[PDB]
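Colleague: here is the sequence, then the experimental structure:
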Amino acid sequence: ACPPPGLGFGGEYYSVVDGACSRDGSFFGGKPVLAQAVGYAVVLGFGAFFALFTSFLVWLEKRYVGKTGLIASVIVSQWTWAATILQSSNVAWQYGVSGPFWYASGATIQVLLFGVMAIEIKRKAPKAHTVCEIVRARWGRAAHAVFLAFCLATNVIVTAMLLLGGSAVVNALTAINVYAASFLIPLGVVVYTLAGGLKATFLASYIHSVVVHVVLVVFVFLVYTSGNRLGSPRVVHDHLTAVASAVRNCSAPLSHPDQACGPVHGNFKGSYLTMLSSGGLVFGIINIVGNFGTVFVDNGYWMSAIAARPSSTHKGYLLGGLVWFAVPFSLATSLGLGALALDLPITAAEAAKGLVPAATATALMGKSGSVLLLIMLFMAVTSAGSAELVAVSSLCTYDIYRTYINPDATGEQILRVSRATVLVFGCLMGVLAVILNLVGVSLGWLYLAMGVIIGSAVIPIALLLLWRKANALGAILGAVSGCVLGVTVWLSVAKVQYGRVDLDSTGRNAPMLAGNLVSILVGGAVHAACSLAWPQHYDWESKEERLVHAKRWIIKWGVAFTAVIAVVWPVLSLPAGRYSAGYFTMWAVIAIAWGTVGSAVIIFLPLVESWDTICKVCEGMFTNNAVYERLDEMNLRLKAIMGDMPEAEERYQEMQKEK
Amino acid sequence: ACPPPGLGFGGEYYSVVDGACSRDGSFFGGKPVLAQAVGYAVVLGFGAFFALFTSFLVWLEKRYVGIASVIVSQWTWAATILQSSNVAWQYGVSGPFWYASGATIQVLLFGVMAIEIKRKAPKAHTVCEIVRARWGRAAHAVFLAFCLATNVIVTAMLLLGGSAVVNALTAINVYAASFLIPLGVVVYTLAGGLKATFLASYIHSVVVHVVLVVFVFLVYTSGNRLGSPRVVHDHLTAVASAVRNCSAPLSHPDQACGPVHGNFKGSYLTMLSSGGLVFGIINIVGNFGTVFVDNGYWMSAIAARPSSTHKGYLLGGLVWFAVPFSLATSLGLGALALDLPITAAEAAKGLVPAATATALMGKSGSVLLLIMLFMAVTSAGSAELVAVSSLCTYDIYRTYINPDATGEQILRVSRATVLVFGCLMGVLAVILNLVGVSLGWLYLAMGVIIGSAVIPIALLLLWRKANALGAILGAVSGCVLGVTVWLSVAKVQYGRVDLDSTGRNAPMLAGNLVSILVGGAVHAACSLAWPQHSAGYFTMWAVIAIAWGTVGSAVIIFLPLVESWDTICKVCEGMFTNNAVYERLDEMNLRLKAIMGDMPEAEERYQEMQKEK
């Protein structure tokens, strides 16, 4: 009997050789699950396929036709990319229930912050088109290359993250060359971003939201409610308290030292259910800082804020954070600590590239749901990778070509410059994800190492539009007194704590907490010092009564779902220890309810707010009412010409009554 | 299954009956592979299927509306699919390079021919008219007879190759599949209204080039059975290696096993090969005859439009240089590298590309090959019938039977000739079927009967002196002496004269060269007398073959679409939208507005009617 007592869950992964039936060495090192043909269709024929459908809908709603419920969809479409499905489900594997809660407790605050800066941009700089323009203007000439460099480095980092995770899963599921599946990703995205327009559209975001939010409910209901394997979330409690049980022995070849076994280190008493994880709050602050270099440096978020009117949509985006909270909670608790319950043979190196969801999906459903994950992730990568190409293209066409090459540029000269920039950046990004694959850098290592490179530019940019002193000398003297002084400490703490300096030691948990806290607390502390000595006293020159109301509903009610969700809830949940069978069964119901009162507003509210358009389009796709109205309106004209002319009236009457 | 040592890929091919650890007699040894019903629906139901679809597509163009592909339609017939991957099988890699050596020569010669035929006399409709125009009246029965003989030979080749494949794959009767193909073909050439439309050529090229890539990707890259330039390489060196287990029981002396004469040390990768070289000169001799003595190309050049025509010449020449290489190399190296029994006589009939299609991928493969051949057989046979009709009605009726020609008699005689010739060649393709001879013998005999008078035709349109007596003397002398040499060299040095005893390399090359050179020299002499005035190499080969394939079926399949995007967008509108109704309803509304205005009272009294609504 190879399955030892107390573990009858996973038997398909225990094979017997020469006795003792050594545990499997990995999960995806075996034969491919799906055919190699489908991977080629998904990599190449997905961005193009999602473009002609969008243009078809545009043609329909333009041919026949000519509010605080749809902005909640563009918020989700913007905030979701290939680190909510993958990275949120890795920290759940590593630590437990503290993973998929701290991920959503730091990535939602940045939703609330977005909107305060949207107000300060419609009444302080409504003619920017970028973020460096509200920086050249102001500050000087030297303060236009440091911030341009940081803004472009952020785009590079996010694109590298979305390519390194979109290929490491298609390789595992379809057995394609990870180098061949890496260069081909930034061609479908380029096809999509050049086929259907070039800017953001309120219709594509809705489709992205509905696809993601349907796959979400499928997975959550399969894991918890409907299922003959792991449904009825009482089995999960026993399953994952058996793995952490101290009676289980994990030594010799029963469990390799790179997998999940025995008690978990850093928690209280040893459990995947406690909220007392030291591997918790450490992925707290680190994440929070990381979710400031994306909403305050990346030009995509600024462009989204500019392209949205806040006069009547100041309330909508607060609904874009309370529905997006279910995306990394209902998915990283179902496909997260659902791989722990079934005792999968997942390796730490395999979990760092974003392969935990690809294991639970291929185990619970096999060939019938390993396709759903690909569709979800590749809608999330083709809708977020197309937001970074536009950002860098708009940045280059407005900050290096139209202001340092030829100011006398016509409206036709800058229309192919942008297209060429998109194409060249897409090709160059495919010649960075092949090198990054052969050095061994994964999505997990790069996600945490984002607040050290970028993060010295968060406070200087934030104070650019809040309080009107903003000393120019110090914004560039704090961005370079930050980043380098951050990397120095991050590699020095890693220097004398493990010995050598490499990928496995510089990014464990300790060096990267010291880097993300010294690269943002210095860039903003030394800048404030120079700002109190030579205040420039900017005059903000180089309906107001309605707009001042905007910074009262998002700042007073703004802090009502940032402390209830992140401050009082954890401290109230602390006095629970290991979750009892009746207490975890409430946590699961909260997780399900957030996703059902979740993906039932974004799918239906925009439909009922635009019913007068979907009715008009059908009135014309099927019926022929237009022909009838024209024939009526030209019949009445003959009636008019005939009314005053009396001789023809009698003749027509007799010609008609003889029919 | 008994595998000999060193042959793991050699599986069920080696039999185990009474032990006898040896291969079977033939791949197609009397075991049906395809359903017998599909073959009847392909032989008959395909000629009358590509015609009504073309008429549909052309009817749409005339209801809503009001050059590099023509170099493929007349060439991809049953000579480059059914024999290129026969010389590839017989001599390895050197074959599908010497075979596609006249591919460029053909297209350049045809370009020169067109640019000269427009400039000298742009109203001929035949070459049998110009032959009287320049030379004497008596030089007319010669260059009519040779043209008819060439047409007969090419029709026979395209019928004897398409019957064997359907006899093998579908198990249709070999005699009942030889009298029915030139019935679907004649149905097609009558339903299409004769003529040479450009719409059919594009669809032909599209189907050929979509089947090509499907077959190539199954061999080199996307293959779970055979793929990559190294699995093919080590199978190639394993099939022909120093160790030779196949002497008495294994691989009967007419199969493929053991080093072959010619190729250096029996290596199926070199170029120094007598067999590869001889089918060089012979292929060139044949291609000169099928372009100068044939009449299909003379008629095809009448369409002209020289600039785009020569652009198409170059582009389609590159494309149809690519296509032979890719398909022939793929199928021949699949048949060689993979253990597969082919009789020495079963390759000459053109079944080698049929064996690698039903084994590499199977059932779904076979039908593809079938259509890929049966789209290419009812596209050159119809051209040949149209050519012979145009050559006979304009040359025996218009000038000999009745000098007068009403506009309706021409169509009478044209369709009469097509109908008679489409059936009279079904009995010459069934009488030659039970008497031995297959595609291999005709493809080499074509250079003896034809090509006796090929230089005379070249000098008629191009060279000033061009005496009339030289043409007749050269033609008769070349023909008679070529026949004598062909039937004499097979007696001495080879013993008896038989069907297979005359179709070797030296006896046919001798006949071809004697047929050409003496005729050319005699014509010139009389005209001057009376001037009336390893692993890396194969990897590079595979890479460049795929490169030709990609610079192949990607410039004639998509470029015409973007070139004519306006027309393909105008028809689609006319189709799923009713913009046509609005375009005139609004105009009537504007006219009614025009009549009003000049009438004061009606203008106001009409308004309250709208206000009522």
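Modeller: Here it is on my side, so go on. Residues are numbered from 1 along each chain as shown, chains lettered A, B, ... in the order given.
Colleague: contacts and neighbour counts: CA atoms only from here.
Modeller: Noted.
Colleague: which ones are touching whatever residue of the stretch 551-659 of chain A ends up closest to chain B?
Modeller: Per Cα to the nearest Cα, residue A:640 is where the stretch 551-659 of chain A lies closest to chain B, at 5.3 Å. Neighbouring residues of residue A:640 by Cα atoms under 8 Å, 6 or more residues apart in numbering or on different chains: B:602-603, B:605-606.
Colleague: how about 10 Å then?
Modeller: A:634, B:596, B:601-607, B:609 (Cα atoms under 10 Å, 6 or more residues apart in numbering or on different chains).
Colleague: same check, this time on residue A:91
Modeller: Residue A:91 is in contact with A:97-103, A:279-280, A:283, A:332, A:336-337, A:351-352, A:356, A:444, counting by Cα under 10 Å, 6+ apart.
Colleague: so residue A:294 sits against residue A:388, correct?
Modeller: No. Between residue A:294 and residue A:388 there is no contact under Cα atoms under 10 Å: 11.2 Å.
Colleague: quick one on the thing from earlier: can you say which of the contacts of residue A:91 are buried?
Modeller: Neighbour-count burial (16 or more other Cα atoms under 10 Å in any protein chain shown) is assigned, among the contacts of residue A:91, to A:97-103, A:279-280, A:283, A:332, A:336-337, A:351-352, A:356, A:444.
Colleague: tell me which residue is most central in chain A.
Modeller: Chain A has residue A:80 as the residue nearest its centroid, 2.1 Å off, counting by Cα atoms, centre = their mean.
Colleague: number of nearby residues for the residue nearest to that one when sequence neighbours are not counted?
Modeller: Of all residues not flanking residue A:80 in the chain, residue A:380 sits nearest, at 6.5 Å (Cα to Cα, 6 or more residues apart in numbering or on different chains). A total of 26 residues lie near residue A:380 under the criterion other Cα atoms under 10 Å in any protein chain shown.
Colleague: also the one 4 residues further on?
Modeller: Burial of residue A:384 is recorded as 22 neighbouring residues (other Cα under 10 Å).
Colleague: go on, residue A:212?
Modeller: 24.
Colleague: show me the contacts for it.
Modeller: By Cα under 10 Å, 6+ apart, the residues touching residue A:212 are A:76-77, A:80, A:85, A:206, A:327, A:372-373, A:375-377, A:379-380, A:599.
Colleague: name the helix or strand for it, please.
Modeller: Residue A:212 belongs to helix A:204-224 when assigned by DSSP states H and E.
Colleague: in the next helix or strand after that helix, which residues are buried?
Modeller: Heading C-terminal from helix A:204-224, the first helix or strand you meet, by DSSP H and E, is helix A:235-243. Using 16+ other Cα under 10 Å as the test for burial, helix A:235-243 gives A:236-237, A:239-243.
Colleague: looking at the stretch 251-400 of chain A, which residue is nearest chain B?
Modeller: Nearest residue of the stretch 251-400 of chain A to chain B: residue A:367, at 20.8 Å (Cα to the nearest Cα).
Colleague: and the contacts of residue A:640, which two are furthest apart?
Modeller: Distance extremes for the contacts of residue A:640: the farthest pair is A:634 and B:601 at 17.2 Å, using Cα to Cα.
Colleague: list phi and psi for the closest residue to residue A:90 other than its chain neighbours.
Modeller: Once flanking residues are discounted, residue A:90 sits nearest to residue A:351: 5.9 Å by Cα to Cα, 6+ apart. The phi/psi pair for residue A:351 (degrees, to the nearest 10) reads phi -80, psi -20.
Colleague: please list the residues of the stretch 551-659 of chain A that sit near chain B.
Modeller: Applying Cα under 10 Å from any Cα of the partner chain, we find that the stretch 551-659 of chain A lies next to chain B at A:626-627, A:630-631, A:633-645.
Colleague: now list the buried members of those.
Modeller: Counted by 16+ other Cα under 10 Å, these give A:634, A:637, A:639-641, A:643 as buried.
Colleague: let me have the residues you listed in JSON lines, adding secondary structure as columns.
Modeller: What follows is those, written out as JSON lines (DSSP: H, G, I helix; E, B strand; the rest coil):
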{"residue": "A:634", "secondary structure": "helix"}
{"residue": "A:637", "secondary structure": "helix"}
{"residue": "A:639", "secondary structure": "helix"}
{"residue": "A:640", "secondary structure": "helix"}
{"residue": "A:641", "secondary structure": "helix"}
{"residue": "A:643", "secondary structure": "helix"}
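Colleague: from memory residue A:526 sits against residue A:518, does it?
Modeller: No. With contact defined as Cα under 10 Å, residue A:526 does not reach residue A:518; the gap is 11.8 Å.
Colleague: ok, the two, which is more surrounded?
Modeller: Legend: neighbour count by other Cα under 10 Å for residue A:526 and residue A:518, higher for residue A:518 (23 against 17).
Colleague: now that one, nearest residue through space, not along the chain?
Modeller: Looking at residue A:518 with Cα to Cα, 6+ apart, the closest residue is residue A:486, at 5.5 Å.
Colleague: contact residues of chain A facing chain B?
Modeller: Residues of chain A lying close to chain B by Cα under 10 Å from any Cα are A:36-37, A:626-627, A:630-631, A:633-645.
Colleague: do that again at 8 Å, thanks
Modeller: Along chain A, the residues adjacent to chain B under the rule Cα under 8 Å from any Cα of the partner chain are A:630, A:634, A:636-637, A:640-641, A:643-644.
Colleague: which residues touch the closest residue to chain B within the stretch 101-250 of chain A?
Modeller: Nearest residue of the stretch 101-250 of chain A to chain B (Cα to the nearest Cα) works out as residue A:176 at 11.9 Å. Residues counted as contacts of residue A:176 (Cα under 8 Å, 6+ apart) are A:36, A:39, A:170.
Colleague: is it possible to get a markdown table of these that adds neighbour count?
Modeller: Output for the contacts of residue A:176, formatted as a markdown table (neighbours: other Cα atoms under 10 Å in any protein chain shown):
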| residue | neighbour count |
| --- | --- |
| A:36 | 16 |
| A:39 | 20 |
| A:170 | 26 |
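Colleague: residue A:190 belongs to a helix?
Modeller: Yes. Residue A:190: assigned to a helix according to three-state DSSP.
Colleague: isn't it up against residue A:423?
Modeller: Yes. Residue A:190 is in contact with residue A:423 according to Cα atoms under 8 Å; the separation is 6.6 Å.
Colleague: quick one: the helices in the stretch 401-550 of chain A, in order.
Modeller: A:416-429, A:435-439, A:443-448, A:458-462, A:472-479, A:483-493, A:495-498, A:503-506, A:511-516, A:526-531, A:544-548, A:550-553 (DSSP state H, counting those that start in this stretch).
Colleague: could you say which of those helices is packed most deeply?
Modeller: helix A:511-516 (a mean of 25; mean count of other Cα atoms under 10 Å in any protein chain shown).
Colleague: who are the packing partners of that one?
Modeller: helix A:282-290, helix A:483-493 (3 or more Cα pairs under 8 Å, 6 or more residues apart in numbering or on different chains; DSSP states H and E).
Colleague: give me that answer again for 10 Å
Modeller: helix A:282-290, helix A:443-448, helix A:483-493 (3 or more Cα pairs under 10 Å, 6 or more residues apart in numbering or on different chains; DSSP states H and E).
Colleague: in the longest helix belonging to chain A, what counts as buried?
Modeller: Using DSSP state H, we find that the single longest helix of chain A is helix A:146-174. Going by neighbour count (16+ other Cα under 10 Å), the buried part of helix A:146-174 is A:147-148, A:150-174.
Colleague: next, the contact list for the nearest residue to residue A:15 once chain neighbours are set aside, please.
Modeller: Spatially, and ignoring its direct neighbours in sequence, residue A:15 is nearest to residue A:21 (5.4 Å; Cα to Cα, 6+ apart). With contacts defined as Cα under 10 Å, 6+ apart, the neighbours of residue A:21 are A:1-3, A:14-15, A:253-254.
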